[PDB]
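Here the structure comes first, spelled out in structure tokens, and everything after it is commentary.
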Amino acid sequence: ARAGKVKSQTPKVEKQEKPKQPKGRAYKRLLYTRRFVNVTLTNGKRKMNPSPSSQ
Amino acid sequence: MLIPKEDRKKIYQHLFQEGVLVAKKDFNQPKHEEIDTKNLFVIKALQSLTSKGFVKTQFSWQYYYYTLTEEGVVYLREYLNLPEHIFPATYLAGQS
Amino acid sequence: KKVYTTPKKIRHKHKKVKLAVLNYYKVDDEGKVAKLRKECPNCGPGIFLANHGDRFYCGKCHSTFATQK
Amino acid sequence: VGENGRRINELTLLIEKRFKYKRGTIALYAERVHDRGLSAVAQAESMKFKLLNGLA
RNA sequence: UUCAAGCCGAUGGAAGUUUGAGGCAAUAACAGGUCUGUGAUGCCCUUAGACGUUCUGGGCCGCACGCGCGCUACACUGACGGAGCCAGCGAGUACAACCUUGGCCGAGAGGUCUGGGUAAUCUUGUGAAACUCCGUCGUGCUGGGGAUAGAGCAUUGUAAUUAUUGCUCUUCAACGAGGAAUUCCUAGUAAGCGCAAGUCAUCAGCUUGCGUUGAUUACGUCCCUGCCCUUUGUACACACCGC
RNA sequence: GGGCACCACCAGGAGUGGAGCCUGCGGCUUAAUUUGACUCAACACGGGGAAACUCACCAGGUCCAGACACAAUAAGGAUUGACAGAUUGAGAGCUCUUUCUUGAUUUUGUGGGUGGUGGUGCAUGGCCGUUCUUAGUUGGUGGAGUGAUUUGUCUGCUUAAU
RNA sequence: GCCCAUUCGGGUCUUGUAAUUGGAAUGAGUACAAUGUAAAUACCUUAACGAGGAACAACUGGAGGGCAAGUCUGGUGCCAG
Ligand SMILES: [Mg+2]
Ligand SMILES: [Mg+2]
Ligand SMILES: [Mg+2]
Ligand SMILES: [Mg+2]
Ligand SMILES: [Mg+2]
Ligand SMILES: [Mg+2]
Ligand SMILES: [Mg+2]
Ligand SMILES: [Mg+2]
Ligand SMILES: [Mg+2]
Ligand SMILES: [Mg+2]
Ligand SMILES: [Mg+2]
Ligand SMILES: [Mg+2]
Ligand SMILES: [Mg+2]
Ligand SMILES: [Mg+2]
Ligand SMILES: [Mg+2]
Ligand SMILES: [Mg+2]
Ligand SMILES: [Mg+2]
Ligand SMILES: [Mg+2]
Ligand SMILES: [Mg+2]
Ligand SMILES: [Zn+2]
Numbered sequence: 009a010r011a012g013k014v015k016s017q018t019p020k021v022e023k024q025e026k027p028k029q030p031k032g033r034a035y036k037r038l039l040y041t042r043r044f045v046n047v048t049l050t051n052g053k054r055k056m057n058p059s060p061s062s063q
Numbered sequence: 001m002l003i004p005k006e007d008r009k010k011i012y013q014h015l016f017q018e019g020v021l022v023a024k025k026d027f028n029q030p031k032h033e034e035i036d037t038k039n040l041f042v043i044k045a046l047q048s049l050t051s052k053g054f055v056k057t058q059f060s061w062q063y064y065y066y067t068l069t070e071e072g073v074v075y076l077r078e079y080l081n082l083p084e085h086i087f088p089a090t091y092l093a094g095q096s
Numbered sequence: 082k083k084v085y086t087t088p089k090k091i092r093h094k095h096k097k098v099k100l101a102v103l104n105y106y107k108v109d110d111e112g113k114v115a116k117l118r119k120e121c122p123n124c125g126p127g128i129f130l131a132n133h134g135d136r137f138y139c140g141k142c143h144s145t146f147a148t149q150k
Numbered sequence: 059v060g061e062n063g064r065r066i067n068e069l070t071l072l073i074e075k076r077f078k079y080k081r082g083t084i085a086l087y088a089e090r091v092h093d094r095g096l097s098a099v100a101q102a103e104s105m106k107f108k109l110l111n112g113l114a
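Protein chains in written order, with the entry's author numbering: chain e, 9 to 63; chain K, 1 to 96; chain f, 82 to 150; chain D, 59 to 114.
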């Protein structure tokens, strides 16, 4: 089309029934854990949202 | 693919005896070395085998090379009848 | 490239007109058998002649008769 | 090597088939390379492997 | 020659041009070529009456005509006959059919029998040509020149007409050294001359090499052409096919 | 301004360009006269001297070489074969005449591959050509700049050559 | 973290993950009451019921840089954005 062709063309994938990421302070706690407590692995450098290791 | 089944059987037997197979990449060739069948037919058979696992194929220098995996060997045995403690080239015959 | 020519007439491989339990051979008594047409002279019995208007052949030797029967 | 004569044996057989030889007249041996880094082909192969794997 | 780098000349020396000739040959690139060397390959196309394959007959070779490598000649430093008669690179078959001497047949091409060679051994001294000698034509589109032509004889292959090539006779065209232009070249080079393998069943005017004959003129310069740097100027940076 | 080079010119040679003929490439022609490449760095180049093959083009025919997955027939045949002449360019079963063989290979679909001298070298690899076989290129200190950078790598004279 | 690291491993001590499960609250809701109040509401106070992923459920914007955070997967292919 020549008026929002792309929105109509895509396949609608459905929201997966995943568990709630808890609200308020819980989230903050989780974030903290992710950051400073657990300490993510680094070959040389830190990274917040890593990739599946590939090109 | 259109094989007189006897020929196919013979080919299989030969393969079993070997533990290996070397073919040309030469279609139109009337009869293969060793086996008394068309080379093309043999090649086709090998291809088929590869498609259902079994054989490992290399196409280098107008010469197809073929070796049997354990599963392939088992399949061959089944096709034949021969039970256990048999030829291929998975182990030596005696001392060589 | 250049466009394809398009006369029209296509020819396919014939499906063969398969037929089994064919009306050749017979039995009248029950115990013994009564062969229809004839068997091959060149090859052994079991193979049967093709019957036409003074023309015969057989398929195991692709097609190799001449004499009538 | 494989597991005490297998892959090597197969290779030998293949060779024989190719070049009309008899069993005994071909003898394969699989040896180590004295310093891999000095070799070039090996290095290239390694690089290729790495690429295949998916590395920076 | 600031008596440096070097260069120039004699002497000796096989060699005094980087001793000659090449082989390799940096950084950065080019939208240069090759996806028709490639089971090197992305993606697209196609994908069982294929744009796959495979047979059969053609076609790449057609001709008002342009340019580009080339060969053959415009003869007397020749042509034609005899006679003399000397190279170097090579290459060459047993599962095929290679080079093929030597003997007989044939004007030739080419046939045949026989060998020798898997090769410093045999082909092969590849007694190659251009050359050299004595004779025949003498400066006439002539015996220069050999094209187009017709016929037959050969060979290769399954197949030779759209002459494959060779040979035999016959036909004798254009062209008396080529305007504007422009290529190549500095020594065993240039040019001539043939051989040689490559492709190849058969075809050399091609090609990579080879040797034979063997000069003229510089041994300089930036006039042209290109390229290189330096200094300059720049509204350019996809960079003058620019903006 | 200063260099260098017979792919520049001088001093000369041999030439080509003219002639005929070979062969490339255009243009036209042609069913089709397959394609790649056009200043040097396209044009006796593709090792490209094509008789078929090669071959990609055309006119025509043949063949599956449709791997594998999954169902429709599953022997009351899946499909394989097939002398005889018409058929056919044609001792191509190419088929329509035929009524014998062939035995679960197949084959009819649906996933899925495979091949392509099909395309795009301005999507790539490798190789090659060309700038250039010219004399060019770089970085470590140290100095000049805030800096991009620069100097080294240069007036001169030498050399084939930073 | 480690008593010891002939190989283990107990795990004696401490942390995170499982539609396990279990005990202990909770007020957001409702609701006698009493409070408030001019009268009411609502607040504060209480009895009683009311949580287990199906709820007694947090949205908004962004995820190349500026600028915190995806060279994830498909759909698109100068389009629509
Ligand atoms: Mg066609
Ligand atoms: Mg030298
Ligand atoms: Mg000799
Ligand atoms: Mg004359
Ligand atoms: Mg040639
Ligand atoms: Mg040049
Ligand atoms: Mg040609
Ligand atoms: Mg040339
Ligand atoms: Mg030819
Ligand atoms: Mg191909
Ligand atoms: Mg391709
Ligand atoms: Mg390119
Ligand atoms: Mg290009
Ligand atoms: Mg510095
Ligand atoms: Mg500098
Ligand atoms: Mg969101
Ligand atoms: Mg967004
Ligand atoms: Mg997003
Ligand atoms: Mg960021
Ligand atoms: Zn018969």
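Every residue gets a Cβ at the ideal spot worked out from N, C-alpha and C, and that includes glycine.
Within 8 Å, strictly: CB atoms of residue i and residue j
i	j	result
K/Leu21	K/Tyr75	no
K/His14	K/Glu34	yes
D/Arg64	K/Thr90	yes
K/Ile86	K/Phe41	no
e/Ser16	D/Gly112	no
f/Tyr138	f/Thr145	yes
D/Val59	D/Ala102	no
Proximity to residue i [Cα-Cα], best of the options
i	options	result
f/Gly140	f/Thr148, f/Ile91 and f/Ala131	f/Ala131
K/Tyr79	K/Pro30, K/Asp36, K/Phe16 and K/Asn28	K/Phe16
residue 115 of chain K	K/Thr37, K/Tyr12 and K/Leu46	Only positions 1 to 96 of chain K appear in the structure, and residue 115 of chain K is not among them; the question remains open.
e/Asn51	D/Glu68, D/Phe107 and D/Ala114	D/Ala114
D/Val91	D/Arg81, D/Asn111 and D/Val99	D/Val99
f/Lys150	f/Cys142, f/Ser144, f/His143 and f/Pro122	f/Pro122
D/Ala85	D/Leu110, D/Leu96, D/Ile66 and D/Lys106	D/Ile66
K/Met1	K/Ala45, K/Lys31, K/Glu84 and K/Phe87	K/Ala45
K/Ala93	D/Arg81, D/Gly60 and D/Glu103	D/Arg81
K/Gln47	K/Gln29, K/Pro83 and K/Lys25	K/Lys25
Outcome for residue i when other beta-carbon atoms lying within 10 angstroms are tallied against a minimum of 16
i	result
K/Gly72	buried
K/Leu68	buried
K/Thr37	buried
f/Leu117	exposed
K/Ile43	buried
D/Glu68	buried
D/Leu71	buried
residue 100 of chain K	An answer regarding residue 100 of chain K cannot be provided, because it is not within the stretch 1 to 96 covered by chain K.
K/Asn39	buried
residue 98 of chain K	Beyond the ends of chain K as shown, which are 1 and 96, falls residue 98 of chain K; an answer cannot be given.
Query raised in the report: Touch check for the stretch 59-68 of chain K and the stretch 121-139 of chain f: three-plus C-beta pairs under 8 Å?
Result: Touching, no, given that fewer than three Cβ pairs across the two stretches are closer than 8 Å.
Report task. Identify each residue in the stretch 73-93 of chain K for which the Cβ-Cβ distance to at least one residue of chain D is less than 8 Å, and report them in chain order. Result -> Within the stretch 73-93 of chain K, the residues whose Cβ lies closer than 8 Å to some Cβ of chain D are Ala89, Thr90, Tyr91 and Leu92, listed in chain order.
Query raised in the report: On the three-pair Cβ rule with 8 Å, is the stretch 6-14 of chain K touching the stretch 22-40 of chain e?
Result: By the Cβ criterion, the stretch 6-14 of chain K is not in contact with the stretch 22-40 of chain e, since fewer than three pairs of Cβ atoms, one from each stretch, lie closer than 8 Å.
Query - At least 3 beta-carbon pairs within less than 8 Å: the stretch 103-112 of chain f vs the stretch 42-61 of chain K - result: Between the stretch 103-112 of chain f and the stretch 42-61 of chain K there are fewer than three inter-stretch CB-CB distances shorter than 8 Å, so the stretches are not counted as touching.
Query raised in the report: Given 8 Å as the limit, is there contact between the stretch 18-38 of chain K and the stretch 71-78 of chain D, that is, 3 or more CB pairs closer than that?
Result: Output reads yes: the stretch 71-78 of chain D touches the stretch 18-38 of chain K.
Query raised in the report: Mind listing which residues of the stretch 49-72 of chain K have their C-beta closer than 7 Å to chain D's C-betas, in chain order?
Result: The stretch 49-72 of chain K vs chain D, Cβ under 7 Å: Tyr63, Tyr65 and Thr67.
Query - Residues of the stretch 14-44 of chain K with Cβ closer than 8 Å to any Cβ of chain D, in chain order - result: Listed by position, the residues of the stretch 14-44 of chain K near chain D (Cβ gap below 8 Å) are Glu18, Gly19, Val20, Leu21 and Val22.
**Report entry** Cβ-based contacts, 8 Å cut-off: residues of the stretch 64-94 of chain D near chain K
**Finding:** From the stretch 64-94 of chain D, only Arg64, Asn67, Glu68, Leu71, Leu72, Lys75, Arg76, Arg81 and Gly82 have a Cβ closer than 8 Å to chain K.
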